[PDB]
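Presented below is the structure to which this report refers.
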Amino acid sequence: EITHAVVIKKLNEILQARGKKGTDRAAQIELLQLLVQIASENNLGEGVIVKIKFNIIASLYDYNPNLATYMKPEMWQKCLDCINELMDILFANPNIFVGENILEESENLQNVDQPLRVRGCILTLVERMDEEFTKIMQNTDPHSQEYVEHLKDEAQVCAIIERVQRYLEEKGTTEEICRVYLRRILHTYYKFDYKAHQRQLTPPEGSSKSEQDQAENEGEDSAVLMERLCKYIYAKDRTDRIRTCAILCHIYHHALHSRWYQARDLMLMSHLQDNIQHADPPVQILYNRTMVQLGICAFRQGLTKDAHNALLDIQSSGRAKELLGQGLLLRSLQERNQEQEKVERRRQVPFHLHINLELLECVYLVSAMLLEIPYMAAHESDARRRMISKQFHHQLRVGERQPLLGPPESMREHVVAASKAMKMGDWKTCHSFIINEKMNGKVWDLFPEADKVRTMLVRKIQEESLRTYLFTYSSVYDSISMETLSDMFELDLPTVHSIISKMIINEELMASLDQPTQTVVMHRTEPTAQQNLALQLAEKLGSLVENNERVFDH
Amino acid sequence: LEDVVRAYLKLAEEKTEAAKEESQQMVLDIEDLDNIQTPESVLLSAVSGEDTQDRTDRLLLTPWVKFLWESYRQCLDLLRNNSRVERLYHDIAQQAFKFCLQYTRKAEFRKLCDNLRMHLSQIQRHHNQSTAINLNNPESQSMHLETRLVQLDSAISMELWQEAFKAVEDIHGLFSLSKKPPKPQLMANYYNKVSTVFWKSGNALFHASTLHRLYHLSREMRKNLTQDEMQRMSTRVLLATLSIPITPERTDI
RNA sequence: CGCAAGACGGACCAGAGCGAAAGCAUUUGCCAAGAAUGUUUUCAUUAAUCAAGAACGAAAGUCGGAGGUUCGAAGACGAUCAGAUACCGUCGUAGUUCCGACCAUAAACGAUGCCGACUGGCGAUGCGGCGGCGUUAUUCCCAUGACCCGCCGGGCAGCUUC
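Heads up: the protein sequence lines correspond to chains A and B, in order. Converting from the first sequence to UniProt numbering requires adding 322 to each position, the first position being numbered 1. Converting from the second sequence to UniProt numbering requires adding 85 to each position, the first position being numbered 1.
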């Protein structure tokens with residue numbers, strides 16, 4: 323009430339007992355409130371209440387008996403109100419209000435150390451608050467619902483982090499802010515096709531042409547912008563644990579929002595296989611996590627091969643469980659000890675970042691399916707020496723050896739179901755699992771590109787089923803109306819040309835192929851060959867192992 | 086005990102009835118209440134979520150279900166996995182089955198497991214003033230048919246199959262250790278039921294075989310059952326035929 | 001059954017605690033003070049005991065005010081006794097209580113000066129700190145609470161012996 327000296331000193335004497343066993347611990351906040359609502363004067367400021375406001379939203383912190391917990395949502399909203407007000411005071415104004423002298427009024431805090439990281443004590447807060455929201459999105463549970471007002475606080479913290487971004491006098495512009503940017507890209511990165519294509523497929527000539535719509539279309543750019551920008555603002559730190567972290571989040575953006583090409587490029591350039599060894603165990607989880615979404619967007623671009631090799635490394639293991647921080651101590655026998663797996667529970671992970679594992683499973687098992695069913699059709703037409711264990715061969719085998727399967731009622735069984743249909747070589751059986759189990763199962767219902775990936779699945783099935791059919795049937799043939807194959811497997815002649823052309827070249831068939839006449843003339847024998855080539859092999863295997871038995875001996 | 090424990094499970098059943106309706110009329114309409122466009126944060130979690138009714142029915146119904154299940158498990162089970170007389174057990178089993186059918190299905194695995202364990206303890210236990218097995222087909226046949234019908238329909242209801250298999254195995258074991266008596270009714274019943282439930286899953290071969298078996302049973306039951314109906318014979322012959330002509334060879338890929 | 005006055009803090013209350021000694025028990029708040037323990041903080045011999053001199057010092061008593069229920073020197077009675085100015089019963093003044101000045105004494109006794117070093121064993125108790133197989137409180141979970149076991153300080157005491 324009298325010149326900002328009694329006031330300041332009582333500030334001192336309240337921000338002193340800050341820690342000890344006698345805290346009251348909530349009526350320090352209260353008493354900071356009783357030097358503000360009874361702070362009703364003038365110039366002096368609006369002005370220097372800002373900083374007190376820090377300290378006091380810092381009361382709006384420290385009440386809390388420790389770091390593991392989560393923050394009564396009323397406390398959460400009070401926090402917000404504080405921070406929000408302490409954007410008010412710190413747009414309008416610009417003087418920087420724990421230093422830069424003016425005329426005076428009315429300080430002194432040059433005299434302690436630097437105006438400026440106590441100026442930079444607003445980014446601190448807001449990062450803290452990000453983290454507190456994160457601690458939220460762990461203790462609330464899960465499929466159901468307190469949940470939505472909490473999602474709404476999440477909206478609002480989106481707000482906050484946005485705000486904490488445009489402002490930046492920092493020391494001016496570029497050269498460290500980058501971490502606001504970091505937070506902001508951590509709340510841009512795991513978002514969606516629909517908001518990378520509200521710019522592109524909410525119609526771009528049907529949408530408003532208003533500066534605001536450009537700020538929307540630029541808003542989709544603004545994260546992949548801060549890549550290009552704030553590399554140098556980090557660009558500048560070589561620290562492997564932030565480098566290997568950041569780029570993994572960047573490769574995410576590409577494959578989903580845009581080209582899978584750029585995604586494929588970026589990891590292949592970086593070579594972060596070596597670098598994760600230098601990195602600490604959160605970034606291990608990011609490495610695994612990024613590998614998921616690339617084998618996903620392999621299957622979405624429609625490439626069986628790359629989706630296989632990508633999702634292979636995960637499906638060699640059953641650790642995606644413990645990697646997403648979900649693992650029990652006993653869920654086979656392996657996963658001891660108690661106090662150490664809790665580290666994962668404390669560090670990992672919000673529910674809104676997860677993916678379905680049955681998706682991941684099925685997407686892997688289906689990619690391999692189109693590769694391996696022609697492969698084994700070829701093999702059991704006596705091309706066998708290429709039979710490889712510990713692969714989809716095995717994963718199909720364990721489901722194959724059920725004496726008792728009727729209709730499939732598990733996603734495994736729907737894969738087994740479509741597999742049997744592919745063996746028989748009827749398109750029909752593919753469509754069963756691709757429609758029905760994808761509605762069960764909601765493997766279908768998680769992509770706007772399921773529309774695309776339908777067509778990608780279908781024509782491949784129709785081509786490889788034709789191929790599995792041909793691997794058996796071609797002994798029986800004397801010739802073929804190639805026109806029939808086009809009509810029957812629902813393909814067209816230009817493609818069926820190119821297919822049968824590729825086939826007879828590279829599968830090394832004894833067909834002669836009249837492409838203008840649309841005729842094949844084959845006559846490749848013999849059914850007794852299945853025995854004869856088999857004992858010819860059984861024979862030939864004799865001398866070859868025998869030379870090792872020689873070369874050992876000598 | 087009969088009056089008390091029946092009145093207990095009856096009070097718990099009504100709390101769950103009220104708990105669902107409550108959540109499924111007031112709170113379910115509160116959920117999808119109003120529009121249904123843009124959730125602000127409902128679309129983002131649409132990549133790995135479900136509907137709002139399951140999302141908030143878990144808040145106000147799951148309790149009832151869980152409670153009931155636990156009670157049924159520890160009730161008769163953890164208080165009457167055997168003993169001497171007193172059926173009520175059949176009623177309890179029926180209730181459990183109904184619950185499994187309606188609410189969660191996983192309960193089946195637990196319930197089934199417990200039942201099997203209990204049957205093993207006795208059948209392979211015999212050591213207490215319990216039931217003096219010998220020629221008491223009453224309780225025997227009772228429990229038998231009970232579990233049977235319960236198991237059969239149960240599996241052939243929630244799209245289960247392993248459960249049905251376990252049930253059949255158990256029945257077979259009972260017949261093995263319960264083949265000392267000639268044979269009462271229900272036999273034909275169960276036979277027909279099984280053949281039917283089969284039909285598809287397995288080939289109409291083994292299914293048709295079971296059908297013919299039931300047809301033969303209709304002969305014995307006839308001489309003993311006495312069924313003056315031509316339509317019946319017709320239907321029988323029809324079922325026989327079909328189950329027969331259907332597949333001439335299996336594709337052992 | 002209600003009201004008033006003054007006095008007084010039971011059982012709980014203990015070879016228990018605090019204070020230099022005299023002493024100190026109903027609730028709650030305020031005011032200043034102190035011991036022990038913890039500390040890889042500070043100072044660097046600043047200490048020990050004491051003529052002169054100084055503070056506090058039960059009860060009774062004295063002086064001036066307030067108060068005066070209860071008990072009660074003195075005193076008046078009733079008994080007991082040869083006698084009975086006593087022990088016992090009734091009444092009762094000063095005093096007993098509070099405020100302000102005096103008085104300096106007690107079996108003010110552990111009848112045992114103060115400071116320092118060394119020399120047996122054992123089980124407890126009050127306070128602080130530290131270590132631990134566990135039960136127990138709550139919010140579901142190492143906040144700090146209670147109970148159990150052990151260790152290290154200093155304190156009131158006890159038991160045991162060539």
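A virtual CB, placed ideally from N, CA and C, is assigned to each residue, including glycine.
Candidates the options, of which the one nearest residue i by Cα
i: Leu144 of chain B; options: B:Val112, B:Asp162 and B:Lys100; result: B:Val112
i: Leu153 of chain B; options: B:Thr137, B:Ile177, B:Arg172 and B:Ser133; result: B:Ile177
i: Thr817 of chain A; options: A:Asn828, A:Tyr791, A:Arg781 and A:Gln478; result: A:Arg781
i: residue 350 of chain B; options: B:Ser242, B:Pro124, B:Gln312 and B:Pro333; result: Lying before the first or after the last residue shown, residue 350 of chain B is absent from chain B, which here runs from 86 to 338.
i: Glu812 of chain A; options: A:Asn758, A:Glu453, A:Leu792 and A:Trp749; result: A:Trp749
i: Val605 of chain A; options: A:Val671, A:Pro849 and A:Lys760; result: A:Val671
i: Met825 of chain A; options: A:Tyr697, A:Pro437, A:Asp773 and A:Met733; result: A:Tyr697
i: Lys712 of chain A; options: A:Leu431, A:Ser639 and A:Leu594; result: A:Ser639
i: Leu220 of chain B; options: B:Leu201, B:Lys105 and B:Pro269; result: B:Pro269
i: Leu118 of chain B; options: B:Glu334, B:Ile338 and B:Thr137; result: B:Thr137
i: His630 of chain A; options: A:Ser592, A:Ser689, A:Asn610 and A:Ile822; result: A:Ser689
i: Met203 of chain B; options: B:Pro223, B:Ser319 and B:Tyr174; result: B:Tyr174
i: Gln852 of chain A; options: A:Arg706, A:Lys742 and A:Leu815; result: A:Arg706
i: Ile598 of chain A; options: A:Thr566, A:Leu616 and A:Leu402; result: A:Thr566
Local conformation of residue i per DSSP, three classes
i: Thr141 of chain B; result: helix
i: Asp836 of chain A; result: strand
i: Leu296 of chain B; result: helix
i: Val765 of chain A; result: coil
i: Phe755 of chain A; result: helix
i: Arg611 of chain A; result: helix
i: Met451 of chain A; result: helix
i: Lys782 of chain A; result: helix
i: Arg565 of chain A; result: helix
i: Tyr686 of chain A; result: helix
i: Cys443 of chain A; result: coil
i: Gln109 of chain B; result: helix
i: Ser711 of chain A; result: coil
i: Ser303 of chain B; result: helix
i: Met203 of chain B; result: helix
i: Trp749 of chain A; result: coil
i: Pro526 of chain A; result: coil
i: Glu422 of chain A; result: coil
i: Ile208 of chain B; result: helix
i: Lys196 of chain B; result: helix
i: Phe811 of chain A; result: coil
i: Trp149 of chain B; result: helix
i: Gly617 of chain A; result: helix
Host beta strand (DSSP E) of residue i (start-end)
i: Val843 of chain A; result: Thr841 to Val843
Bridge partners - residue i, DSSP secondary structure assignment
i: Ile802 of chain A; result: A:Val842
Boundaries (first-last residue) of the alpha helix (DSSP H) holding residue i
i: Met228 of chain B; result: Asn222 to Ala240
i: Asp410 of chain A; result: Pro395 to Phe413
i: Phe376 of chain A; result: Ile371 to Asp384
i: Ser865 of chain A; result: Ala851 to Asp875
i: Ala181 of chain B; result: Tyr174 to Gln187
i: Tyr469 of chain A; result: Element bounds for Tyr469 of chain A: n/a, residue is neither H nor E.
i: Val502 of chain A; result: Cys500 to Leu508
i: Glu368 of chain A; result: First-last for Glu368 of chain A: undefined, no H or E at that position.
Beta-carbon contacts of residue i that lie in its chain and below 6 Å, excluding the five residues immediately before and after
i: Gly747 of chain A; result: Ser787, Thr790 and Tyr791
i: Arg708 of chain A; result: none
i: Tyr556 of chain A; result: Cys500
Residues near residue i by beta carbon distance below 7 Å, same chain, minus five either side
i: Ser328 of chain B; result: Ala289, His292, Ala293 and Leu296
Residues of its chain near residue i, where Cβ-Cβ distance is below 8 Å and the 5 sequence neighbours each way are ignored
i: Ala518 of chain A; result: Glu542, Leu578, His579 and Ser580
i: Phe194 of chain B; result: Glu248
i: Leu445 of chain A; result: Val486, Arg501 and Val502
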